[PDB]
Each structure stands twice: as structure tokens, then as C-alpha cells.
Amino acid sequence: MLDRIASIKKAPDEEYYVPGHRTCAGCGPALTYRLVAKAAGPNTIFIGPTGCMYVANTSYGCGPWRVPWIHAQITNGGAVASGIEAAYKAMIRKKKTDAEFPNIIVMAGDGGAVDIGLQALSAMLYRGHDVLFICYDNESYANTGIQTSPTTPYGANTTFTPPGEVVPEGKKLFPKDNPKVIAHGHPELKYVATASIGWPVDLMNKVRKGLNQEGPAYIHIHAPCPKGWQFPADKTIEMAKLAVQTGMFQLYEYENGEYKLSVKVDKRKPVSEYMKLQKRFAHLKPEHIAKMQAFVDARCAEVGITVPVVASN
């Protein structure tokens, strides 16, 4: 069993995601991978559906994982992990390997988890494989040059949703909420949580709680992208914290039909205090910001964040 981590000072020293990878300076998903790898430990197999955390990390002909890792299509992350799990189950049962049963972890991008990889994720949960499926959400198809995905917020500028006089907000669609999509209707699902690199001990503990379950788990991790969102490389953690503080991202665990909120404070900041720091929102007018606020308010109510919205200054 993987133990709860009490604090940063009591966090593990060992790194299983080592220096050396072609990820942006300040890359949120890179930090996500580091913390997940730290939490998972050495008895772990990683599955990498195509995206930044595959391409950026293996450029070129190498990699930063101390543990085994395999490339998956962006379409089949859940299915590839299903097969690795089935193999280990069968090989161990049929006495054809003396290897121990490993942690099996999918590191899908938001594209590979909520859009083009969803069907394979849902099926893996349906079949009940002992696998942890992670979405590292940078809110676009990032490696292809930043294009709208279903987790891309309303009003965000991407190369597929540029603002213009016909479509002033750039993106008119509000995002799909994947952790809630898969949290219902899958009887074998043992654990669902949202995490954020802003809260790194909380993140690692959620990963360990997911791995500790005998059956499938889904963790959706917010991972700000300074390239794609257009903010300075040293503001990635501030952005992550503000996402949660404004309710743009909700942090929780969902179990037995109930939401356990991970960060509980007496107020919520207005979304503008988050959006104005990112040039992906630079084009938006007050009426657009108001639509975002109303949406976020509804999202917070859904998980039971009922504190008032209060400007910082």
C-alpha cells in the first residue's frame, strides 16, 4: 500500500521522472508527470497517448522515466493499458512470469482523455481493469500548436477558435466536464478525483489513493500551459492556484455519490482575477466575462462550493 504524504518535507526524495526533457520552461504538465511518478514509485508502468507529455518528453530517441513506458495512440490510451493489465493478470496466473503486479498508469492529455480517447477510457472503466487513468489537462491540443479541445474554456483564443467579428469570443462552446461524465454509470470505478499542480501533496496523495484501489481510477489534473495560455514561465503555479481560487477549476474527490472538497475557504475570487493574466482571454469583453462568471458559478454550485464571490481588492 502507498502511504499518505503528510507534507512537502515528508514527501519522497526519489525522482522517477528525471531531469532532461524537451518541455517548455515552466511546463505544468511536466511537473504533473514528475509528481505522479514520484507518488507512484518504481513498480509502475506508464502509458503515454500522443501529446506533449509524449513528444516533448522523448525528444529525441530517449526519455525521462526511470520506470518502463510505452507509446499509445491518442485514440487508445485506455485500451493499451487494459491489455497490459490483462497480460500481467494472465502471465502471473499461468506462471509464465515471476514479476509482481505493477502500478499501471495512463498519462493522457485532455484530447486523449475527454475527446478522442474517451471511448477507450469509458470501456476500461466498464471492464474494471486495475488501472489508474490520468488526464493532464492543459486545456488545448497543445503539441499540435494550441487548438481547441472540449476542456478549452469558453472564450479562449486558440488557432481553431480565433476571435473575429463573426465570432468575437473566439470559442463559443463551454467545456465538457470529463470527471463528472465518467463518475456515473460505471459500477467498477473505485475512485474519482480532480487535482492541480498548485497543490502538489494533495495531487500525490490522490494518485496514491487511486493506485491503492483494486480496480479502475480516474484523476483529472489541472496543468497550466504557459505557451498555450500565454503567461510567463514563472507564473504557472500562481495560475494553477488562481484557477482553483476563482472556481474555474474545482478540486475534489467524488465517492459514494458525494463531493469532498479539497480546498475549503470562506470566499471565491471573481474569474477576471484569473483570466486577465492570460493572453488567451485578452480579446474578451465584459459581457463575455460575465458569461464565464455565470458558468463558473453554476459549476461551483454543482460541487457545493457556496461561498460568496469577493474581489481581492
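Start at 1 with the first residue shown and count on from there.
Taking the PDB entry as given, 91-99 carries the higher mean Cα B factor of the two stretches 91-99 and 104-112.
For the two regions 28-36 and 248-256, the entry's Cα B-factors average higher over 248-256. Highest CA B-factor among 164, 150, 77, 200, as stated in the entry: 164. When all modelled residues of the chain are sorted by CA temperature factor, residue 171 is found within the middle third. Among all modelled residues in its chain, residue 185 ranks in the middle third by Cα B-factor. The entry lists a Cα temperature factor for residue 214 that places it in the highest third of the chain's modelled residues. Annotation for residue 51: C-alpha temperature factor in the lowest third relative to the rest of the modelled chain, per the entry. Remark: residue 60 belongs to the highest third of its chain, ranked by C-alpha B-factor as recorded.
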